[PDB]
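K.L.:
part one of the complex, left exactly where it sits:
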Amino acid sequence: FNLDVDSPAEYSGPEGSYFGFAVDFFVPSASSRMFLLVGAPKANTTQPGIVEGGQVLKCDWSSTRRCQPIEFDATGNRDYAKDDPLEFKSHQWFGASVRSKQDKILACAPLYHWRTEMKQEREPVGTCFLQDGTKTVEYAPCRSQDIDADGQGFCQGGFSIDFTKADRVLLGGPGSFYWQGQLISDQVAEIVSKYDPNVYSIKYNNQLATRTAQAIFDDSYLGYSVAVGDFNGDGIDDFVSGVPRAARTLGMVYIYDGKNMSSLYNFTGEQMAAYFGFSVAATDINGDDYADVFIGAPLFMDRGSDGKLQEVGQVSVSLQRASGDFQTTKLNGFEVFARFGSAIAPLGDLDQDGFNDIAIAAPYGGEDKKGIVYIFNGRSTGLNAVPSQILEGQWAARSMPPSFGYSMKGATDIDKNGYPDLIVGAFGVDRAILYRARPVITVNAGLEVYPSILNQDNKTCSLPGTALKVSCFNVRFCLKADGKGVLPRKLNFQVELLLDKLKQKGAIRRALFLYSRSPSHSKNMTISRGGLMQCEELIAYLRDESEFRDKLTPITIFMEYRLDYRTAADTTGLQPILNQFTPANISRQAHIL
């Protein structure tokens, strides 16, 4: 609810280049600066004799939006013999998957056909370029000595990628072994040290991969999407991948042990042709130190009230428990044909409460099918199934739908305001957008002070200037505040002390603050973060009048906690957000005994 849609940081690539197909963050702690990372799988390049190679443009955030393409590779097609090209880089969709560790970048090309060594062929094995600081390497474990449609010739390696926390690269090839799929894990500490620019089939000593299965598993598409997270308590991240056509197109999801690639747990869809496993994201959503699985089924068809079916999509939330079980819950989409559940990305702690958060996108939903992203918040139980914020795309479709929400990333604070951020890619209009999370303040409106209440039998202190036998009518207000991150000390929480907020205005109530010349009142307390409640005591008394509506009227007075945010905004211009969960008004009631 705190992501700022008032000032989104914009970005733009070349027209028709699918800019924003894959997004990420670049945070090299050595240089202490923050960079985006956007892929453009249809971009033109400088490479000679290559048309539409692909670019990974590194875009800057610090007031300069200059997107400078990373020169992962500059050459053309290497050759086997005279007029016998070895590889075909044209239309290779490079940069369709961009992942960045603190000091590494891994961008892959899935549609990289090549002329196999044995015979003149065109096999879409795919390849990846791992840039590690200064050194740049090439990673292509699916172009090997044993390739064909039978083998991993059609591997399309690099369709999905991720980094393990222990310096490994998890790579997923959907098409190997007649489209059964494959996952491959290998450590960066060996990718760089084993790279001969004149060798194609490189054998990596400590690589882990999944092997061939029976012919009934064809067209399973294992590796269509990958993710990592510890799932058996060893501490090493475990490879979670989505296989969206297993079990007669029901969809399944596999989890493999991250130490030896041994199967641990399985999931399974419940509807045919629903794409269970299209998107997978493993986060810790309830804050119990156990990672929780999320699975997307964009094409799920859901029964309507009358019985008609609607294709709305569905996301499965599965909370890992300490004994090896999973408490699963469903979560359905909101608009028909919107493909809810296309993309899932953990957000970190978007509002700094203690439970990590998550966001799910519906690229073809929204008004005029521009796109919508939904923001979810964790709790001690689990996910909170009602979205707190709806993020909508602002761009019309030029030729194809804007697809706002196809890819997204979070969990890194780029403002360094303490809170994580979010970038979104609407690649159908060649754009990317950055959103900033505003700081959250908890106002604790107070209505308790000594003396607490009066039994009306005895006047503790009769107010001077009143002819009645009643005591003083204290209308003391307060507004306490506190925060977590970058916040100005002097909260200008402008308040009000309007008389009889539980009664009709426009008339003179039986109680009026005469010293204020009118019943109406106000406050301008400037609270401090961490201080005590700042009391603005007010005094009013009941006076005899010529005529009135009645002798007395019990109505409590509401103290406002409104802010301008104009001075609360820091240098970057990001106003603090006031937590909407806490009540906006508070007071105490008048009672006898």
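P.N.:
On my side now, so go ahead. Residues are numbered from 1 along each chain as shown, chains lettered A, B, ... in the order given.
K.L.:
ranges for the strands of the stretch 151-300 of chain A?
P.N.:
A:160-164, A:168-173, A:182-186, A:208-209, A:225-229, A:238-243, A:252-256, A:263-268, A:280-283, A:292-297 (DSSP state E, counting those that start in this stretch).
K.L.:
closest to residue A:444 out of those?
P.N.:
strand A:280-283 (30.2 Å; C-beta to C-beta). (C-beta placed from N, C-alpha, C; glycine too.)
K.L.:
grab the nearest non-local neighbour of residue A:248.
P.N.:
In this structure, residue A:248 finds its nearest non-sequential neighbour in residue A:272, 6.4 Å apart by C-beta to C-beta, 6 or more residues apart in numbering.
K.L.:
can you tell me the number of residues neighbouring residue A:141?
P.N.:
27 (other C-beta atoms under 10 Å).
K.L.:
and the one 3 residues further on, by the same measure?
P.N.:
Residue A:144 is flanked by 17 other residues according to other C-beta under 10 Å.
K.L.:
ditto for residue A:218
P.N.:
For residue A:218, using other C-beta under 10 Å, the count is 14.
K.L.:
tell me how far it lies from residue A:256.
P.N.:
From residue A:218 over to residue A:256 the distance is 20 Å, taken as C-beta to C-beta, to the nearest Å.
K.L.:
quick one: the residue nearest to the spatial centre of chain A from residue A:63, how far?
P.N.:
Geometric centre of chain A, nearest residue: residue A:347, 3.6 Å, by C-alpha atoms, centre = their mean. Distance, residue A:347 to residue A:63, using C-beta to C-beta: 25 Å.
K.L.:
quick revisit: okay if I get the strands of the stretch 151-300 of chain A as a markdown table plus distance to residue A:306 and mean neighbour count?
P.N.:
Listed next are the strands of the stretch 151-300 of chain A as a markdown table, based on distance: least, C-beta to C-beta, whole Å; neighbours: other C-beta atoms under 10 Å:
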| stretch | distance to residue A:306 | mean neighbour count |
| --- | --- | --- |
| strand A:160-164 | 39 | 22 |
| strand A:168-173 | 41 | 28 |
| strand A:182-186 | 43 | 23 |
| strand A:208-209 | 49 | 18 |
| strand A:225-229 | 34 | 24 |
| strand A:238-243 | 33 | 28 |
| strand A:252-256 | 32 | 23 |
| strand A:263-268 | 29 | 15 |
| strand A:280-283 | 33 | 24 |
| strand A:292-297 | 23 | 28 |
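K.L.:
so which of those is nearest residue A:356?
P.N.:
strand A:280-283 (5.5 Å).
K.L.:
partners of the closest one, with directions?
P.N.:
Using DSSP bridges, the strands paired with strand A:280-283 in its sheet are strand A:292-297 (antiparallel).
K.L.:
extra chain here, label it chain B:
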Amino acid sequence: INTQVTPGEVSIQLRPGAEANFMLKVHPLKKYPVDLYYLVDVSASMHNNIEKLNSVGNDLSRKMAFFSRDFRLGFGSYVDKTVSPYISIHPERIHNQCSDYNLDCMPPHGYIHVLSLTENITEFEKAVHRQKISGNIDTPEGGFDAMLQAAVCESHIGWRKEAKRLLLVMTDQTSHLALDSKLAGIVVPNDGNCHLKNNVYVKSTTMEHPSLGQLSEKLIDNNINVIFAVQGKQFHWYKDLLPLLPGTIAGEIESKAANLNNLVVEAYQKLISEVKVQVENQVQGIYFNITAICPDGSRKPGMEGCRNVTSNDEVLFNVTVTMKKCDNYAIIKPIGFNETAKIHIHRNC
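P.N.:
Chain B now in position relative to the chains above:
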């Protein structure tokens, strides 16, 4: 005006918190002019079964001389999307995927319309006799995209509004799904228009397949009655999807394929012996309640309606319109039938 679905129109006024009702009667007619279309898979796997299309010309027209006033037939073929990794892109293999086996396979093609519906059975036999097979690599094949194209293009195929539109899809394997195209760089969703320019599906290679919901909507919009004729074990795959696709039938073709004319005729009889309805409501707050009154008196929930219907037999649908909240019309139609009832619901707030 309407002859089979009565009443054909209803004007009713409702006020919030109230419920109305009426009776909708569907009386199937005696004989139906039938228009049948053979959307035939001609991939390399379906090679042994194309030759068994030479018998369906006169035999079926003899079988269906009593169930129909007149008869029409048509042809058309599909294999797959013609991009990698579904086809090979080698210059020798791209235009004949069979060349590594010395076959005269036809170039692959997303979908080609061959013969528009004609009552000349000799034309159908001639069109079928000259037909070749093609090839590709993947195990599944792109049938659903061809189904959508055949359902939507009306004046090209030659459907009749006065007929009982039927569509036979002859295959032996599971079909491609919507998001399977992401492997080929096709990330553009299908728009649901049809793009036959020279009786060839031009846009098979730029936009992805349709999903089950979009396919079903396009089928029911155009009153198409689909009859799958699957051969291998994948008949079961095509059968378990029937709940997700209203108004569709799945038959099994044995190894001998002598059971094709019978498959069509029994499927047509089962199709004609059923009535069910749905409602396309786009109004706010109005919820429709429909219970069907079978000739055996059953109180079915209507969404699947009453089966085992014949002529000399009128089926009645009990409706109940509600008015829950304030701010158009809704049309309730028997799926597969050519007439719809237009409930011009007036609303006053």
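K.L.:
quick recheck of the neighbour count of residue A:218 now chain B is there?
P.N.:
17 (other C-beta atoms under 10 Å in any protein chain shown).
K.L.:
thought it was touching residue A:181?
P.N.:
No. In terms of C-beta atoms under 8 Å, residue A:218 does not count as a neighbour of residue A:181; the distance is 9.8 Å.
K.L.:
for the stretch 51-200 of chain B, what spans make up the strands?
P.N.:
Under DSSP E, counting those that start in this stretch, the stretch 51-200 of chain B gives strands at B:71-78, B:112-118, B:164-171.
K.L.:
relative to residue B:260, how far out is the residue nearest to the centre of chain A?
P.N.:
As judged by C-beta to C-beta, residue A:347 and residue B:260 stand 57 Å apart.
K.L.:
same check, this time on residue A:441
P.N.:
For residue A:441, the distance to residue B:260 equals 74 Å [C-beta to C-beta].
K.L.:
please apply the same query to residue A:388.
P.N.:
58 Å.
K.L.:
for the nearest residue to residue A:305 once chain neighbours are set aside, give me its contacts.
P.N.:
Of all residues not flanking residue A:305 in the chain, residue B:287 sits nearest, at 6.8 Å (C-beta to C-beta, 6 or more residues apart in numbering or on different chains). Each residue near residue B:287 by C-beta atoms under 8 Å, 6 or more residues apart in numbering or on different chains is listed here: A:305, A:306, B:322, B:324.
K.L.:
try it again with 10 Å
P.N.:
A:305, A:306, B:19, B:279, B:281, B:320, B:321, B:322, B:323, B:324, B:325 (C-beta atoms under 10 Å, 6 or more residues apart in numbering or on different chains).
K.L.:
equivalent analysis for residue A:184, please.
P.N.:
Counting by C-beta under 10 Å, 6+ apart, residue A:184 touches A:139, A:141-142, A:152, A:155, A:157-158, A:161, A:169-173, A:176, A:204, A:207-210, A:223, A:239, A:261.
K.L.:
please apply the same query to residue A:97.
P.N.:
Per C-beta under 10 Å, 6+ apart, neighbours of residue A:97: A:21-22, A:24, A:39, A:41, A:56, A:106-110, A:126, A:128, A:158-162, A:171-172, A:226, A:407.
K.L.:
in the stretch 401-550 of chain A, what residue comes closest to chain B?
P.N.:
Here the residue of the stretch 401-550 of chain A nearest chain B is residue A:401; by C-beta to the nearest C-beta that distance is 6.8 Å.
K.L.:
isn't that residue up against residue A:428?
P.N.:
Yes. Counting by C-beta atoms under 10 Å, residue A:428 is a contact partner of residue A:401 at 5.4 Å.
K.L.:
overlap in contacts of the two?
P.N.:
Among the neighbours of residue A:401, those also in contact with residue A:428 (C-beta under 10 Å, 6+ apart) are A:363, A:364, A:370, A:371, B:187, B:188.
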